[PDB]
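K.L.:
What follows is a single structure, and I will ask about it in a moment.
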Protein chains: 2
Amino acid sequence: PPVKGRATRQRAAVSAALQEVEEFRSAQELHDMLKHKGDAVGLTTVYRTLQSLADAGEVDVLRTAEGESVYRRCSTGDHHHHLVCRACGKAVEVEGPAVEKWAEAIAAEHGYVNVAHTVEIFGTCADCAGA
Amino acid sequence: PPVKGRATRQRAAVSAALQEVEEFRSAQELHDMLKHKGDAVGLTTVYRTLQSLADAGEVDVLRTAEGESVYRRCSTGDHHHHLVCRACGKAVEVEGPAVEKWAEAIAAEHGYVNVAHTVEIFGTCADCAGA
Ligand SMILES: [Zn+2]
Ligand SMILES: [Zn+2]
Ligand SMILES: [Zn+2]
Ligand SMILES: [Zn+2]
Ligand SMILES: [Zn+2]
Ligand SMILES: [Zn+2]
């Protein structure tokens with residue numbers, strides 16, 4: 001995830017941390033993990049970096065049930081949706097043109113100019129049910 | 001909108017105020033308009049009664065983009081999704097089988113035991129362009 005400004009070891013470290021993992025996580029959790037592995041990087045610094053990255057779109061955002069935003073550097077850059085298990089945190093890249101066509105159709109029927117769909121599916125793995 | 005608690009003027013007043021308005025609105029906005037109407041009801045009371053109603057399923061919840069929560073009453077008791085114009089705040093309920101079929105297919109393919117899909121979509125309506 002290249003940054004608009006000059007690259008610095010803090011930005012490189014947070015980028016390495018983002019690409020290191022695949023689950024969704026907030027600024028606090030990634031701050032914890034980077035400090036524990038030996039980065040010593042600021043909370044507001046990582047917050048600003050992920051704000052800039054989300055503005056660039058290199059990472060994907062998701063508001064949890066409480067409300068806090070979690071972030072995930074997704075491999076696929078095209079339009080896509082994520083199936084997320086809260087017990088595991090794993091994200092599966094799922095995309096369907098049917099929902100996009102439905103959104104376009106309902107927007108046209110209602111005469112709406114632009115459509116910005118917010119779709120998320122929350123579930124549990126089969127292993128989660130098993131003990 | 002019956003409330004699980006005993007019959008009191010607070011619950012009746014907040015339920016009537018919610019019924020009168022047909023726009024997604026935050027707890028603070030509901031408290032302010034209730035105060036202006038002369039109810040003189042507490043903000044914590046508004047929050048508690050609103051949470052009780054949301055747990056009862058008689059009301060529809062939604063999370064704002066910035067983080068706050070808005071709530072609205074829809075006449076239909078059946079499951080439905082919402083199109084909400086951020087510029088005006090007006091919300092309209094629709095239902096399309098395609099999202100349900102896609103969710104079922106994804107759950108079957110990935111083996112997820114149970115899933116909970118949230119589909120709330122946003123777009124500007126015609127009067128926004130009109131001047
Ligand atoms: Zn992705
Ligand atoms: Zn999509
Ligand atoms: Zn799981
Ligand atoms: Zn509704
Ligand atoms: Zn509008
Ligand atoms: Zn649905």
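Within each chain, counting starts at residue 1; across the structure tokens, chains are named A, B, ... in the order shown, with ligands numbered 1 upward in that order.
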Would you list the contacts of segment 23-39 of chain A as number ranges by chain, taking every protein, DNA or RNA residue within 12 Å and counting only C-alpha atoms, but skipping same-chain residues closer than 4 positions in sequence?
P.N.:
A: 9-19, 43-51, 59-64, 67-75, 82-93
K.L.:
Determine which residues of chain B sit within 8 Å of chain A, taking into account only C-alpha atoms, and present them as a PDB file with N, CA and C atoms, in the first residue's frame.
P.N.:
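Wrote it out as selection_0.pdb, contents follow:
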```
ATOM      1  N   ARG B  63     -27.058   2.179  11.368  1.00  0.00           N
ATOM      2  CA  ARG B  63     -25.833   2.818  11.833  1.00  0.00           C
ATOM      3  C   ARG B  63     -25.415   3.888  10.835  1.00  0.00           C
ATOM      4  N   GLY B  67     -20.717   7.046  12.608  1.00  0.00           N
ATOM      5  CA  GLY B  67     -20.683   6.194  13.783  1.00  0.00           C
ATOM      6  C   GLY B  67     -21.955   6.181  14.607  1.00  0.00           C
ATOM      7  N   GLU B  68     -22.731   7.262  14.560  1.00  0.00           N
ATOM      8  CA  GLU B  68     -23.958   7.334  15.340  1.00  0.00           C
ATOM      9  C   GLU B  68     -24.983   6.334  14.804  1.00  0.00           C
ATOM     10  N   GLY B  96     -35.985  -7.646  -2.010  1.00  0.00           N
ATOM     11  CA  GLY B  96     -35.627  -8.351  -3.217  1.00  0.00           C
ATOM     12  C   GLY B  96     -35.103  -9.741  -2.899  1.00  0.00           C
ATOM     13  N   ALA B  98     -33.140 -11.637  -4.439  1.00  0.00           N
ATOM     14  CA  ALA B  98     -31.803 -11.957  -4.933  1.00  0.00           C
ATOM     15  C   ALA B  98     -30.776 -11.964  -3.808  1.00  0.00           C
ATOM     16  N   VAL B  99     -30.848 -10.988  -2.901  1.00  0.00           N
ATOM     17  CA  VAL B  99     -29.904 -10.948  -1.788  1.00  0.00           C
ATOM     18  C   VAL B  99     -30.064 -12.188  -0.917  1.00  0.00           C
ATOM     19  N   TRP B 102     -28.579 -15.235  -2.764  1.00  0.00           N
ATOM     20  CA  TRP B 102     -27.121 -15.181  -2.758  1.00  0.00           C
ATOM     21  C   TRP B 102     -26.565 -15.517  -1.382  1.00  0.00           C
ATOM     22  N   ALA B 103     -27.185 -14.993  -0.322  1.00  0.00           N
ATOM     23  CA  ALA B 103     -26.725 -15.308   1.026  1.00  0.00           C
ATOM     24  C   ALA B 103     -26.859 -16.797   1.316  1.00  0.00           C
ATOM     25  N   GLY B 111     -20.339 -23.601   4.044  1.00  0.00           N
ATOM     26  CA  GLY B 111     -20.642 -24.427   5.194  1.00  0.00           C
ATOM     27  C   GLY B 111     -20.988 -23.674   6.458  1.00  0.00           C
ATOM     28  N   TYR B 112     -21.216 -22.364   6.374  1.00  0.00           N
ATOM     29  CA  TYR B 112     -21.568 -21.594   7.559  1.00  0.00           C
ATOM     30  C   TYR B 112     -22.894 -22.082   8.130  1.00  0.00           C
ATOM     31  N   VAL B 113     -22.937 -22.249   9.452  1.00  0.00           N
ATOM     32  CA  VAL B 113     -24.137 -22.773  10.099  1.00  0.00           C
ATOM     33  C   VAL B 113     -25.282 -21.775   9.978  1.00  0.00           C
ATOM     34  N   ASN B 114     -25.090 -20.573  10.518  1.00  0.00           N
ATOM     35  CA  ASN B 114     -26.082 -19.510  10.457  1.00  0.00           C
ATOM     36  C   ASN B 114     -25.403 -18.214  10.042  1.00  0.00           C
ATOM     37  N   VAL B 115     -26.144 -17.383   9.312  1.00  0.00           N
ATOM     38  CA  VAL B 115     -25.643 -16.108   8.817  1.00  0.00           C
ATOM     39  C   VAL B 115     -26.669 -15.025   9.111  1.00  0.00           C
ATOM     40  N   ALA B 116     -26.179 -13.796   9.257  1.00  0.00           N
ATOM     41  CA  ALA B 116     -27.014 -12.617   9.464  1.00  0.00           C
ATOM     42  C   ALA B 116     -26.511 -11.532   8.523  1.00  0.00           C
ATOM     43  N   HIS B 117     -27.306 -11.214   7.506  1.00  0.00           N
ATOM     44  CA  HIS B 117     -26.905 -10.287   6.456  1.00  0.00           C
ATOM     45  C   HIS B 117     -27.522  -8.919   6.710  1.00  0.00           C
ATOM     46  N   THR B 118     -26.695  -7.881   6.624  1.00  0.00           N
ATOM     47  CA  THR B 118     -27.134  -6.495   6.735  1.00  0.00           C
ATOM     48  C   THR B 118     -26.977  -5.837   5.373  1.00  0.00           C
ATOM     49  N   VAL B 119     -28.085  -5.349   4.819  1.00  0.00           N
ATOM     50  CA  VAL B 119     -28.094  -4.681   3.518  1.00  0.00           C
ATOM     51  C   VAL B 119     -28.881  -3.385   3.700  1.00  0.00           C
ATOM     52  N   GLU B 120     -28.170  -2.297   3.981  1.00  0.00           N
ATOM     53  CA  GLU B 120     -28.736  -0.956   4.017  1.00  0.00           C
ATOM     54  C   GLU B 120     -27.942  -0.106   3.041  1.00  0.00           C
ATOM     55  N   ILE B 121     -28.634   0.544   2.108  1.00  0.00           N
ATOM     56  CA  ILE B 121     -27.982   1.192   0.978  1.00  0.00           C
ATOM     57  C   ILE B 121     -28.343   2.669   0.974  1.00  0.00           C
ATOM     58  N   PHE B 122     -27.473   3.470   0.360  1.00  0.00           N
ATOM     59  CA  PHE B 122     -27.568   4.922   0.402  1.00  0.00           C
ATOM     60  C   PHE B 122     -27.468   5.494  -1.004  1.00  0.00           C
ATOM     61  N   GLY B 123     -28.223   6.563  -1.246  1.00  0.00           N
ATOM     62  CA  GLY B 123     -28.191   7.258  -2.517  1.00  0.00           C
ATOM     63  C   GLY B 123     -29.014   8.529  -2.481  1.00  0.00           C
ATOM     64  N   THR B 124     -28.618   9.529  -3.265  1.00  0.00           N
ATOM     65  CA  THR B 124     -29.330  10.798  -3.285  1.00  0.00           C
ATOM     66  C   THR B 124     -30.572  10.692  -4.163  1.00  0.00           C
ATOM     67  N   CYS B 125     -31.673  11.268  -3.682  1.00  0.00           N
ATOM     68  CA  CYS B 125     -32.938  11.231  -4.396  1.00  0.00           C
ATOM     69  C   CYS B 125     -33.075  12.461  -5.296  1.00  0.00           C
ATOM     70  N   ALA B 126     -34.181  12.513  -6.045  1.00  0.00           N
ATOM     71  CA  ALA B 126     -34.304  13.478  -7.135  1.00  0.00           C
ATOM     72  C   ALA B 126     -34.303  14.917  -6.631  1.00  0.00           C
TER      73      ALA B 126
END
```
K.L.:
I need the helix (DSSP H, G or I) residues of chain B per DSSP on the backbone, written as a PyMOL selection string.
P.N.:
chain B and resi 9-20+27-37+43-56+97-110+126-129
K.L.:
In Å, with one decimal, what is the gap from atom CA of residue 52 of chain A to atom CA of residue 3 of chain A?
P.N.:
7.6 Å
